[PDB]
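Engineer: need the 3D shape of this:
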Amino acid sequence: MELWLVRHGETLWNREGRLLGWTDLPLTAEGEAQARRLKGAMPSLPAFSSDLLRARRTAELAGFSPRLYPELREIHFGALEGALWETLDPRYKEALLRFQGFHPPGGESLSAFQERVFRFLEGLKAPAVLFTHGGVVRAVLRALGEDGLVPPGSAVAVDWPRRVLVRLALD
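Structural biologist: Numbers count the residues shown, from 1 in each chain. Shown next is the protein structure:
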């Protein structure tokens, strides 16, 4: 199934290097500029978006009127919400870097996050554009055997659950 996944534009915590999960921050001016650059680049397919502000604002500026689904949210970092990556305990750093065995206190495990994301993708019955988050794009790319790191405001298209089709980035 052809799916286009968009990583929302940047927020302040992107430049500050803080873990941003369910904390509802707004896009920065540059984040909005990144979102506007997506208009016309994405295919005119049905759109779905995480209900968090930064994601559906990206969808709006990109020219879409998506239906909101919390299932497309970034992973819930629990007690780690807002933590500076720099000072994160090595065990959490390793868990996130290797994308495995992540169990944040008061939050979502990577296993629960993956189940949530993949279950949502399984329910899609036609090609669609998904406005989401870095962790979600990473989960999909890594499940397809590729590094899931894509710039804020960029997109990737995949043939789920078989392969990556294209990684798109604009300046």
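Engineer: okay, CA-based contacts and neighbour counts for the rest of this
Structural biologist: Will do.
Engineer: which residues touch residue 22?
Structural biologist: Remark: with contacts taken as Cα atoms under 8 Å, 6 or more residues apart in numbering, residue 22 is in contact with 52, 73, 74, 75, 76, 77, 81.
Engineer: nearest spatial neighbour of residue 12, chain-adjacent residues omitted?
Structural biologist: Computed as Cα to Cα, 6 or more residues apart in numbering, the closest residue to residue 12 that is not its neighbour in sequence is residue 28, at 6.3 Å.
Engineer: which residues in the protein form helices?
Structural biologist: Secondary structure of the chain (DSSP state H): helices located at 12-15, 29-36, 53-61, 90-97, 110-122, 134-143.
Engineer: mean neighbour count added to the ones you listed, as a markdown table?
Structural biologist: Written out in a markdown table, the entries for the helices of the chain read as follows (neighbours: other Cα atoms under 10 Å):
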| stretch | mean neighbour count |
| --- | --- |
| helix 12-15 | 14 |
| helix 29-36 | 20 |
| helix 53-61 | 23 |
| helix 90-97 | 14 |
| helix 110-122 | 17 |
| helix 134-143 | 22 |
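Engineer: can the ones you listed go into a markdown table with extra columns for distance to residue 42?
Structural biologist: As requested, the helices of the chain are arranged in a markdown table below (distance: least, Cα to Cα, whole Å):
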| stretch | distance to residue 42 |
| --- | --- |
| helix 12-15 | 23 |
| helix 29-36 | 11 |
| helix 53-61 | 11 |
| helix 90-97 | 29 |
| helix 110-122 | 19 |
| helix 134-143 | 16 |
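Engineer: among these, which is nearest residue 104?
Structural biologist: Within the helices of the chain, the stretch nearest residue 104 is helix 90-97; the backing value is 8.0 Å (Cα to Cα).
Engineer: may I have the closest one as PDB, with CA atoms only?
Structural biologist: Extracted as PDB, the C-alpha positions of helix 90-97 are listed here (Å, rounded to 0.1, in the frame of the first residue of the first chain):
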ATOM      1  CA  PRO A  90      23.200   6.000  28.600                       C
ATOM      2  CA  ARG A  91      20.700   3.100  28.800                       C
ATOM      3  CA  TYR A  92      17.900   5.300  27.400                       C
ATOM      4  CA  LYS A  93      20.300   6.800  24.800                       C
ATOM      5  CA  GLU A  94      21.300   3.300  23.600                       C
ATOM      6  CA  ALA A  95      17.700   2.100  23.600                       C
ATOM      7  CA  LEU A  96      16.600   5.100  21.400                       C
ATOM      8  CA  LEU A  97      19.700   5.000  19.200                       C
END
